[PDB]
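A.B. asks: Please see the structure below; I have some questions.
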Amino acid sequence: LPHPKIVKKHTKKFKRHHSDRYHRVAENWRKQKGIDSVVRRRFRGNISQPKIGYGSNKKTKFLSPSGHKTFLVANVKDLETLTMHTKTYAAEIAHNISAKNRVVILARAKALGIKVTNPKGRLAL
Amino acid sequence: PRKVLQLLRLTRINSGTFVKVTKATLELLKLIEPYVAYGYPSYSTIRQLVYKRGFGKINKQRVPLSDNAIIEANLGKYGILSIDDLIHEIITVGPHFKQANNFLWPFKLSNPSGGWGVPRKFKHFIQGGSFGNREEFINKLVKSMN
Amino acid sequence: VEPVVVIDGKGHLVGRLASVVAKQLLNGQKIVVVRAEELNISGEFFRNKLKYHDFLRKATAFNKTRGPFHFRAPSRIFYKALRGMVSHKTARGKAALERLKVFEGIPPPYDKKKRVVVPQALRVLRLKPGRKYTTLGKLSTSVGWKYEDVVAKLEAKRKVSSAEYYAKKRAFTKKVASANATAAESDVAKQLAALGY
Amino acid sequence: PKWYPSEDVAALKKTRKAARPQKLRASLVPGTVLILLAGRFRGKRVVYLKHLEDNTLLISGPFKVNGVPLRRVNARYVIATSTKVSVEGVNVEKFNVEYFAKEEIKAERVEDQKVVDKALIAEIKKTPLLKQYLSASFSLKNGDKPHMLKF
Amino acid sequence: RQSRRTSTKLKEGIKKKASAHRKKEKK
Amino acid sequence: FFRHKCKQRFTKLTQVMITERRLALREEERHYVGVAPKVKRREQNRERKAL
Amino acid sequence: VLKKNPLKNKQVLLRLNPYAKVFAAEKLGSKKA
Amino acid sequence: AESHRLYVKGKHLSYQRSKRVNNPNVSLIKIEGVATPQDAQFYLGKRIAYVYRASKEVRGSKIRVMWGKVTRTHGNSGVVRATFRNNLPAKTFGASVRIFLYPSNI
Amino acid sequence: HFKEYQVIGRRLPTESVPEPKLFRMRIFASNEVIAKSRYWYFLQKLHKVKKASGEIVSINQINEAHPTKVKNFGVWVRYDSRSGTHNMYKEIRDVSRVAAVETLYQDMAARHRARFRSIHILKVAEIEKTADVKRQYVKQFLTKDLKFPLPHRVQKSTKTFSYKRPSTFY
RNA sequence: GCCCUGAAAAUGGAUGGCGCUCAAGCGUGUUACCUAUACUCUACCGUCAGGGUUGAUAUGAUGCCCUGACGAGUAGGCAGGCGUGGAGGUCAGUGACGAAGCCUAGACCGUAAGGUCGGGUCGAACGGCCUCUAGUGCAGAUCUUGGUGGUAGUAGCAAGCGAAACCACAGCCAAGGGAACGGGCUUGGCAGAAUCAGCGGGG
RNA sequence: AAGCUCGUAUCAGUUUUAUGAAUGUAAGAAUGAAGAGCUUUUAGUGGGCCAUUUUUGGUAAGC
RNA sequence: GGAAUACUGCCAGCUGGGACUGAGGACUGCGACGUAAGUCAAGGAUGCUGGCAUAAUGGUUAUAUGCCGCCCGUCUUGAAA
């Protein structure tokens, strides 16, 4: 696709305050709530908090580096819905689909012209 | 004074407008002295102001000017039909002034190209400041703020 | 420019000199200062001799030994002065006073190699003609430095052994300035001149 | 073109930029001596011959002088020196863009070299030291501040 | 020896001495 | 909508008679092999023992 | 869509005010008395 | 024979900063001999390379590079502003940067 | 920097009082508007008026008559300070009326800390004949054939590193 | 007007440091330059407001657009989502050719809640979607239980054996940090790994 | 937050003129705002300190 | 007596150098130039050329340097405590 140049806005992960100091407090983002907190009051130098401005360009949203939207395919029927959107969606084979089944999803997607985001999954030579 | 600045439409800092000058307003400009830099425009500056920073109120919506028909439509009521017609109504304070002025959306002005001149912005111009009446000099300022 | 700019205090103003010597390391500039002792300053003598001792007293309480060490020897006097305008303490700093070097006298290998000065900082050229102005040498001494002489003496030597040098050179040139003179005025030359050279 | 679009791409708006021919900086008048700033032949003195259709310049050393073939080159990667030669004796109109396709050196290309070069050498031989000037390499020397420098 | 730093309690305890000189003059 | 979207389907489906283009120029000495993780032990823990 | 400004860009300075063609053929800024 | 230099040798001074907050995108360059903003205008928009050896060989050469542009002047001394692709490292504050002569206006 | 401004004002003509007295004064200022502003301030010190009660009739610049000649300038100055105001007179050897009042203002700052708001310039007059010159530092140049040197000449260097070791003859 | 005098002690001491003297000080003037989340302009996000759009639009009119303005926030209010156990429905869903779980100096997405994939371990069941339902989401409670540290091979047993109290985190001075607050900050002095024995020294 | 009338000439921490003993009432005065009023109900809220400007009592002062 | 020239102000005067940006996506509109045909700098970037598959490039982690960053929660009091 002659896609627009995808602007990422904020590439760093939004970690949680103090998720580094304590092993109990986790990297999963949670707002700070104490009114004596500096993070909540966004003093200089302190960690960047997720606000709505970091929101991605609606034209480019969901678009992966390939410039395709990710899409999970379970079986060879589900794949063949994108028969029409090869230029736009990328057949992510789903993680639990076996070896014996995958090799079959790859047969079709190659034939149809669907770019599979995850080939070589379980599969060897 | 804060109330009064709002009544001139001088909301954000570096915003600029025109004012019809009588007894009434010449007492307002007294109140807002420390907050503004007011003076007498040329034909020229207006002309520079209006082609670059000139915008039109239409129901709400700050609309860009850039084609005469717009003013022809919204202000054709008052015998203004071009942009230069508009200018004519500003410079010579015309009979439809209140309308043509009000149709113009209060100018947005970038900080001066060359700086303010002074070190300290908040003294009366007369004693090496910026605020208040700077008469003709205003035209050197606005054109750096254009 | 030049990789090493051996300076030379001899009539500079501890300050100023410094500053610049400073900036220059910060901007990656291998310097080297010489004749520290012939560094100068501003003001009477019986001053710097204060604006110092005071400095001296300083020192630490409970443990005098651990504290503001009062160096005597010129060089250092002036060092300080400078390690005082260079965020010394931080890589980029250390990384400097790394680039520095301040000898009293003018020992090899520098004796043998051109030095220079730093306008923007000579007594002569900054001090309103005729005004009180101190001259390290004394000022060091007056407060510990035990050598003023060695330097001195083991100086005069240098100067000598040099000037001598000089000559030999002055003699040399002359010859050139003479050859060129004569074999000057023949075409070739001429031409040049036209262009300028 | 016969194959109907299997996918829905929207066609472009009708774009409004006509290509206009490139206006070269004043100093470049065919048969000028140049310095090349970048390339295999960076630092060489090189003669200007013809401005091209691809906004480039056709230039030769010439090859018999400094070892620069008939080459195209870009306008900005060159300093124009004031020294001009006679260029009007040269036939240049043979070479255009298409002269420079590739789909061990071609024996056709070397024949055009010597036609140009011998029709050029003559004019360089008139001026003193120019044959020598061209063979040398331009460089900057300590104290050449190139905002001061005249070319 | 004396210092030449103004401690802030003084630097602002000058303003609060200067303010007292303003109200003194009026009366 | 149809009038066109059909022309469209028709095409993409026709330009997928390009399976023959995969299946004539086949003869590929590769073919996908499943790795079962039982095998990926019997053939890993048995070598350590052989050695 | 985009604000072309007169003053620069002649072409827009002809859509606003057709007179400026006439202002430029007579020089008009450069007027002698 | 002695020189192959087709560039002006400047040093990398800092990042444009304040007292407190540096932006590392704008590298400040001193150039050789340039004293004014006027003399600098010449250099505006020429390509800079910062050059350095690294440990490991990459493309048959241990000798890596970064590239970038003089963008505008800075104060009066002729110190100039400069932006690179990847920013210059800070560890290189006070290092030599080769400033080139393409693109010519001359 | 300064310019001289001839200003006249007349307290707007009321009924039965047609065309009043007209007050002419030469004001040194930097611009026409400082000039006007200064003008009313002086009006309030001469008599009872206000800026709204009167009108600036005519404000016109004055250029110096011969600015390739060197005159001597006897200047009367009223100025305020920490104490109550007090009259003064100095002398200035100069080129132009305007550069004179200028160089006076620097001196009035340097010696007496007084700023432009404080100083009234009373009257500036050329002195034609010598011996009317009452100040020594002016009389000092009014001798036949004054030949002197400027010893200890600072040569301002652009480059930080000088190899010559600078000598200051002239 | 500037300058000296115009008294203030007691751990070493501060125009912030260095240092400055036709200044890097004082007064004044002129220009140049430096930089904020301020202002200008462009893009983007979102929200609000105004609208367009059907003998139907080459995408769900609860769509797809067009224009403009706006964006701090505690108590509090309103709204849209993300996640967990179970229920109905559905995907003729996934699954020993390896379900779930667990790791992972691995990849992608989403502002985020989170979601997806590869590699490794693993061994039997599980997931999306539309709705239901609730014992549903943790950093704290001198929380509850369980597990494990430093203290420590120390006190100790009236070469071996072997605790506990305690534990946000570290522990150099000097000055400044307005609030009987200095321990992290600002400006300095400084500072070389590693360890044993004193005082009865301070907190 | 919903409902009803309007969508206006509904007003404004503003100036002016007019009329009385800094300050009252009006405008066929200016400028600004399409965001107003009437129902009905529903959360959170009862901290002071500093500065400014008028005074009032104040003696070494401070206040 | 005769010009100038600075200064202030104007130009819908001309000619350069540098950085940032290229939103949008058939055509409609306002125009300009041309006798017309048409063309255009006119409702937002097009054109040419170069670099690659043992790639190009992009990332992860460990540090380094510059600059910034008081220990989280709760509860008082006007906040710091």
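Every residue, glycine as well, gets a Cβ built from its backbone with ideal geometry; the counts of neighbours run over all protein chains shown. The values are calculated or read from the model by the stated rules, or taken from the named source; none is laboratory data.
A.B. asks: Would you check which residues across segment I:1-24 are under 24 Å from the mean Cα position of the chain (by Cα) and part of a loop (DSSP other than H, G, I, E, B) and list them?
C.D. replies: Within segment I:1-24, the first condition is being under 24 Å from the mean Cα position of the chain (by Cα), and the residues that meet it are I:1-9, I:22-24.
Once the filter is applied, which keeps residues that are under 24 Å from the mean Cα position of the chain (by Cα) and part of a loop (DSSP other than H, G, I, E, B), segment I:1-24 yields I:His1, I:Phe2, I:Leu22, I:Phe23, I:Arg24.
A.B. asks: Go through C:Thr60, C:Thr135 for me and flag whichever is loosely packed, with under 14 Cβ neighbours inside 10 Å and either over 17 Å from C:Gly15 (Cα atoms) or touching an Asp or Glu at 6+ places or on another chain (Cβ under 9 Å) (or both). Give the steps one after another, and end with the answer.
C.D. replies: Working: C:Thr135 fails: loosely packed, with under 14 Cβ neighbours inside 10 Å.
That would be C:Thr60, the only listed residue that is loosely packed, with under 14 Cβ neighbours inside 10 Å and either over 17 Å from C:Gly15 (Cα atoms) or touching an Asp or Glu at 6+ places or on another chain (Cβ under 9 Å) (or both).
A.B. asks: Now for a separate question. State the number of residues belonging to segment D:106-142 that are more than 20 Å from the chain's Cα centre (by Cα), among the hydrophobic types (A, V, I, L, M, F, W, C) and away from chain H (no Cβ under 14 Å).
C.D. replies: Residues in segment D:106-142 being more than 20 Å from the chain's Cα centre (by Cα), among the hydrophobic types (A, V, I, L, M, F, W, C) and away from chain H (no Cβ under 14 Å): 3 in total.
A.B. asks: Separate question: I need every pair where a residue in segment E:3-27 that is in a loop (DSSP other than H, G, I, E, B) has its Cβ under 9 Å from the Cβ of a residue that is of a type in the set (A, V, I, L, M, F, W, C) and within 11 Å of RNA strand J (Cβ to nearest atom), sequence separation at least 6 or different chains.
C.D. replies: Going by the 9 Å Cβ cut-off, the qualifying pairs are E:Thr6/E:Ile14.
A.B. asks: Would you say A:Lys8 is basic (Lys, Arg), within 14 Å of chain D (Cβ to nearest Cβ), near RNA strand J (Cβ under 8 Å from one of its atoms) and part of a loop (DSSP other than H, G, I, E, B)?
C.D. replies: On the way: basic (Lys, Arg): yes; within 14 Å of chain D (Cβ to nearest Cβ): no; near RNA strand J (Cβ under 8 Å from one of its atoms): yes; part of a loop (DSSP other than H, G, I, E, B): yes.
Spelling it out, it is not the case that A:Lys8 is basic (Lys, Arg), within 14 Å of chain D (Cβ to nearest Cβ), near RNA strand J (Cβ under 8 Å from one of its atoms) and part of a loop (DSSP other than H, G, I, E, B).
This table checks each residue for (1) facing chain A (nearest Cβ under 10 Å); (2) within 16 Å of RNA strand K (Cβ to nearest atom); (3) outside any loop (DSSP other than H, G, I, E, B); (4) more than 22 Å from A:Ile114 (Cβ to Cβ).
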| position | (1), (2), (3), (4) |
| --- | --- |
| F:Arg3 | no, no, yes, yes |
| F:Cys6 | no, no, yes, no |
| F:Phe10 | no, no, yes, no |
| F:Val16 | yes, no, no, no |
| F:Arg26 | no, no, no, no |
| F:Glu47 | no, no, yes, yes |
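A.B. asks: Inspect segment C:143-155 for any residue being farther than 30 Å from C:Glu2 by Cβ, touching a helix residue (DSSP H, G or I) at 6+ places or on another chain (Cβ under 7 Å), buried (at least 16 other Cβ atoms within 10 Å of the Cβ) and of a type in the set (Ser, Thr, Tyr) and give the result as yes or no.
C.D. replies: no
A.B. asks: Which of the following residues is closer than 30 Å to C:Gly9 by Cβ and more than 9 Å from every other protein chain (Cβ to nearest Cβ): I:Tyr170, I:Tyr137? Lay out the reasoning, then the answer.
C.D. replies: On the way: I:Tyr137 fails: closer than 30 Å to C:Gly9 by Cβ.
On inspection, the qualifying residue turns out to be I:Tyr170.
A.B. asks: Name the residues in segment D:70-97 that are touching a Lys or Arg at 6+ places or on another chain (Cβ under 8 Å), surrounded by fewer than 17 Cβ atoms within 10 Å (Cβ to Cβ) and not in a loop (DSSP other than H, G, I, E, B), would you?
C.D. replies: Matches in segment D:70-97: D:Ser82 only.
A.B. asks: For residues that are within 23 Å of D:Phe151 (Cβ to Cβ) and either within 14 Å of chain C (Cβ to nearest Cβ) or part of a loop (DSSP other than H, G, I, E, B) (or both), tally how many sit in segment H:81-106. Walk me through it before giving the result.
C.D. replies: First, pick out the residues of segment H:81-106 that are within 23 Å of D:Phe151 (Cβ to Cβ): H:98-106.
So of that shortlist, the ones also either within 14 Å of chain C (Cβ to nearest Cβ) or part of a loop (DSSP other than H, G, I, E, B) (or both) come out as H:101-106.
Total meeting the criteria: 6.
Residue-wise test of (1) over 16 Å from the mean Cα position of the chain (by Cα); (2) assigned to a loop (DSSP other than H, G, I, E, B).
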site: A:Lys33; (1), (2): yes, yes
site: A:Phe43; (1), (2): yes, yes
site: A:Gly53; (1), (2): yes, no
site: A:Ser66; (1), (2): no, yes
site: A:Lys87; (1), (2): yes, yes
site: A:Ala90; (1), (2): no, no
site: A:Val104; (1), (2): yes, no
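A.B. asks: Taking the stated definitions as given, is A:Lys120 more than 23 Å from F:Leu25 (Cβ to Cβ) and surrounded by fewer than 19 Cβ atoms within 10 Å (Cβ to Cβ)? Spell out how you get there, then give the answer.
C.D. replies: Values: more than 23 Å from F:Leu25 (Cβ to Cβ): no; surrounded by fewer than 19 Cβ atoms within 10 Å (Cβ to Cβ): yes.
Considered against the rule, which asks whether it is more than 23 Å from F:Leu25 (Cβ to Cβ) and surrounded by fewer than 19 Cβ atoms within 10 Å (Cβ to Cβ), A:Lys120 comes out as no.
A.B. asks: Now for a different question. Having 3 or more residues that are under 21 Å from C:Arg99 (Cα atoms) is the bar; report the helices (runs of 4 or more DSSP H) wholly within segment C:1-77 that clear it.
C.D. replies: On the way: elements: C:14-26, C:45-48, C:53-57.
Output list reads C:14-26.
A.B. asks: Take C:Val160 and decide whether it is away from RNA strand L (no atom under 16 Å from the Cβ) and outside the structural domain of C:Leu25 (by CATH). Write out each step before concluding.
C.D. replies: Numbers: away from RNA strand L (no atom under 16 Å from the Cβ): yes; outside the structural domain of C:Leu25 (by CATH): yes.
Answer is yes for this residue.
A.B. asks: Can you name the number of the only condition in (1) within 8 Å of chain A (Cβ to nearest Cβ); (2) loosely packed, with under 11 Cβ neighbours inside 10 Å that F:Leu51 fails?
C.D. replies: Against the list (1) within 8 Å of chain A (Cβ to nearest Cβ); (2) loosely packed, with under 11 Cβ neighbours inside 10 Å, F:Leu51 comes up short only on (1).
A.B. asks: Please go through segment D:56-69 and pick out each residue that is under 14 Å from D:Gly39 (Cα atoms), within 9 Å of the chain's Cα centre (by Cα) and either surrounded by fewer than 22 Cβ atoms within 10 Å (Cβ to Cβ) or within 12 Å of RNA strand L (Cβ to nearest atom) (or both).
C.D. replies: none
A.B. asks: Also: From B:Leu49, B:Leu75, B:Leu10, B:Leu31, grab the single residue that is surrounded by 17 or more Cβ atoms within 10 Å (Cβ to Cβ) and within 13 Å of RNA strand K (Cβ to nearest atom).
C.D. replies: Numbers: B:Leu49 fails: within 13 Å of RNA strand K (Cβ to nearest atom); B:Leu75 fails: within 13 Å of RNA strand K (Cβ to nearest atom); B:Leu31 fails: surrounded by 17 or more Cβ atoms within 10 Å (Cβ to Cβ).
Unique residue meeting the criteria: B:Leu10.
A.B. asks: Looking only at segment I:96-154, which residues are assigned to a loop (DSSP other than H, G, I, E, B) and under 24 Å from I:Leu43 (Cα atoms)? Let's see the steps before the verdict.
C.D. replies: The initial filter retains those residues of segment I:96-154 that are assigned to a loop (DSSP other than H, G, I, E, B), namely I:96, I:111-119, I:127-135, I:140-154.
Answer for segment I:96-154, where residues must be assigned to a loop (DSSP other than H, G, I, E, B) and under 24 Å from I:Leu43 (Cα atoms): I:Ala114, I:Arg115, I:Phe116, I:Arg117, I:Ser118, I:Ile119.
A.B. asks: Ok, one more. So if I check each of I:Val133, I:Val124, I:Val138, I:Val154, which one is among the aliphatic types (A, V, I, L, M) and more than 26 Å from I:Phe28 (Cβ to Cβ)?
C.D. replies: Values: I:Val133 fails: more than 26 Å from I:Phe28 (Cβ to Cβ); I:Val124 fails: more than 26 Å from I:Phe28 (Cβ to Cβ); I:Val138 fails: more than 26 Å from I:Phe28 (Cβ to Cβ).
Among I:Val133, I:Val124, I:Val138, I:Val154, only I:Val154 is among the aliphatic types (A, V, I, L, M) and more than 26 Å from I:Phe28 (Cβ to Cβ).
Residue-wise test of (1) more than 22 Å from B:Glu136 (Cβ to Cβ); (2) away from RNA strand J (no atom under 13 Å from the Cβ).
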{"site": "B:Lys3", "(1), (2)": "yes, yes"}
{"site": "B:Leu10", "(1), (2)": "no, no"}
{"site": "B:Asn14", "(1), (2)": "no, no"}
{"site": "B:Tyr35", "(1), (2)": "no, yes"}
{"site": "B:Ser44", "(1), (2)": "no, yes"}
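A.B. asks: I've got another one for you. List, please: which pairs have Cβ atoms under 9 Å, are six or more places apart or on different chains, and start with a residue in segment A:91-115 that is at the interface with chain F (Cβ under 8 Å from one of its Cβ atoms) and end with one that is of a type in the set (A, V, I, L, M, F, W, C) and assigned to a loop (DSSP other than H, G, I, E, B)?
C.D. replies: Pairs found: A:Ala99/F:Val35; A:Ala99/F:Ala36; A:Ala111/F:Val16; A:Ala111/F:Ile18; A:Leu112/F:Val16; A:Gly113/F:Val16; A:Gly113/F:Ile18.
A.B. asks: Where residues in segment F:22-42 are surrounded by 10 or more Cβ atoms within 10 Å (Cβ to Cβ) and charged (D, E, K, R), which of them is farthest from A:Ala124 (Cα to Cα)?
C.D. replies: Restricting to residues being surrounded by 10 or more Cβ atoms within 10 Å (Cβ to Cβ) and charged (D, E, K, R), the top hit is F:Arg22.
A.B. asks: What are the residues in segment C:93-144 that are more than 14 Å from chain I (Cβ to nearest Cβ), basic (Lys, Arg) and either farther than 25 Å from C:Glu44 by Cβ or in contact with a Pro (Cβ under 8 Å, 6 or more places away or on another chain) (or both), if any?
C.D. replies: Scanning segment C:93-144 gives C:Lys94, C:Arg99, C:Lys101, C:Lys112.
A.B. asks: At least 1 residues that are more than 13 Å from RNA strand L (Cβ to nearest atom) and away from chain G (no Cβ under 14 Å) in each: list the helices (runs of 4 or more DSSP H) lying fully within segment B:1-108 that qualify.
C.D. replies: Numbers: elements: B:2-8, B:25-31, B:43-53, B:68-74, B:83-91, B:97-103.
Once the helices (runs of 4 or more DSSP H) in segment B:1-108 are filtered for at least 1 residues that are more than 13 Å from RNA strand L (Cβ to nearest atom) and away from chain G (no Cβ under 14 Å), what remains is B:2-8, B:25-31, B:68-74, B:83-91, B:97-103.
A.B. asks: Name every residue in segment H:16-50 that is exposed (fewer than 15 other Cβ atoms within 10 Å of the Cβ) and more than 14 Å from chain D (Cβ to nearest Cβ), in order of residue number.
C.D. replies: H:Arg17, H:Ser18, H:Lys19, H:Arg20, H:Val21, H:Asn22, H:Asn23, H:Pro24, H:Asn25
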